[PDB]
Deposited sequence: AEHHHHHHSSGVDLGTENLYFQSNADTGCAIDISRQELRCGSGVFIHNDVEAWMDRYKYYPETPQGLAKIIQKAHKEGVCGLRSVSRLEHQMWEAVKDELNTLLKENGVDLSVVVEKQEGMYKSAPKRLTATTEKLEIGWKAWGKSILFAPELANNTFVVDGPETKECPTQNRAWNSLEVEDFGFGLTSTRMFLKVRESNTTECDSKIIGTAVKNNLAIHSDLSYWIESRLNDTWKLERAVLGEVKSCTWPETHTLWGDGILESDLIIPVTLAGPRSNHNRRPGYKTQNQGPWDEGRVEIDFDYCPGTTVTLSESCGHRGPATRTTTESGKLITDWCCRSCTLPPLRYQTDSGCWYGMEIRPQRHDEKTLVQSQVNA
């Protein structure tokens, strides 16, 4: 197989340092000090201006065979777990089609644009022992999700690069809903806590209490956050978890905010989503026992583009839970417009 060549790997005899820890120097801006050593270094990659990591199959040829096998067994298509996976399919389809074509296989890979959240599917690709394979796109009768594969691939090893690293995907030996743990980084230091990977950045901090402070989701996925990489996962009420478990929300008490419950009806279908606790520009939020109950997350702008100024909440805490998306700024479920006149507002239709 000529699409892959390795370099140095882990098992190489390193006399200088621990090969499976991160080794370097960093400035601790709190204490204002420079420290070198070995350990675990967690970086923010969700908010990077370009992609450091890129998926590629370990063997394109092998992957083409996995697909034609799946095609024979009734698997009409596939749904990606993440934007990065989607970009791999988008980037490798012409290569796959060539493999299939030159081997006289009546099958072509079709990958459609994915705008919303990356949803789950029941089927799985497996290793070896209509004439199209559709990746993502809208939900159709021609290729329903229930016949599509999802979360069938995981990272085997990484590829060196100068301004970007390759991640090579292999076929999973098992069936899980769990996110690939190889790309997960979780850490807590100086009472600041991070649950992260290549698309989620979830930050909780101890102010007067431990609570969620900020979250950035480059996409909204449907895999499961592993317990191995989860902080504070004892005595959990899934109702209190701000980011829903079914949306790769960490089953962690860090994933909470007093006054708030599970945002099952947040704007998850908006693409990139950023959660934090501040006021939407030009709006206000006041406590009122005479306020509406939890409902779909509402955007602070109308379909026309008019601004809803006055907002209320029954029993939440301030500052309000705020979403920021491409289409504007939204408020958490427990926060409702104060005026009952619906001006044809924009609300989430997700319910997850």
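Undergrad: Could you name the stretches of the deposited sequence that have no C-alpha atoms in this structure?
TA: 1-4, 134-154 are the stretches of the deposited chain that have no C-alpha coordinates in the structure.
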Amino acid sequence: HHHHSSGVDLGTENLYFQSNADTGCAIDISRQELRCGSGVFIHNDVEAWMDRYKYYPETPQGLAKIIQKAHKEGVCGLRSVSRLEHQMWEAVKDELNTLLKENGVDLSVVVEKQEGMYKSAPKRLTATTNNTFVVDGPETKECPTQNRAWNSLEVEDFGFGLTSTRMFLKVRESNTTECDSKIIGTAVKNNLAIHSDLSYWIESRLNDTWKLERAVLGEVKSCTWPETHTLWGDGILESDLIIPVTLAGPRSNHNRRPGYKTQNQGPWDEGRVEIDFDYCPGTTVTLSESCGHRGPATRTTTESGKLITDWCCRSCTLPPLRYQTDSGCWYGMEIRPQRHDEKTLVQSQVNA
From here on, numbers count along this sequence of modelled residues.
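Undergrad: Determine, for stretches 261-269 and 139-147, which one has the higher mean CA B-factor as deposited.
TA: According to the PDB entry, the answer is 139-147.
Undergrad: Taking the mean of the C-alpha B-factors per stretch from the entry, tell me the winner out of 297-305 and 322-330.
TA: Taking the mean C-alpha B-factor of 297-305 and of 322-330, the larger value falls to 297-305.
Undergrad: Tell me which of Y53, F41, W49, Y56 tops the list for C-alpha B factor in the record.
TA: Answer for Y53, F41, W49, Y56: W49, with the highest C-alpha B-factor.
Undergrad: Ranking every modelled residue in this chain by its Cα temperature factor as given in the entry, which third contains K123?
TA: CA B-factor rank for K123: middle third.
Undergrad: C-alpha B factor of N253, ranked within the chain: lowest, middle or highest third?
TA: Its C-alpha B-factor, which the entry lists for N253, ranks in the lowest third among residues of this chain.
Undergrad: Check where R172 lands among this chain's C-alpha B-factors and tell me if it's the lowest, middle or highest third.
TA: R172: CA B-factor falls in the middle third of its chain.
Undergrad: Check where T209 lands among this chain's C-alpha B-factors and tell me if it's the lowest, middle or highest third.
TA: Middle third, going by the recorded CA B-factors of the chain.
Undergrad: Check where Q347 lands among this chain's C-alpha B-factors and tell me if it's the lowest, middle or highest third.
TA: It falls in the middle third of the chain.
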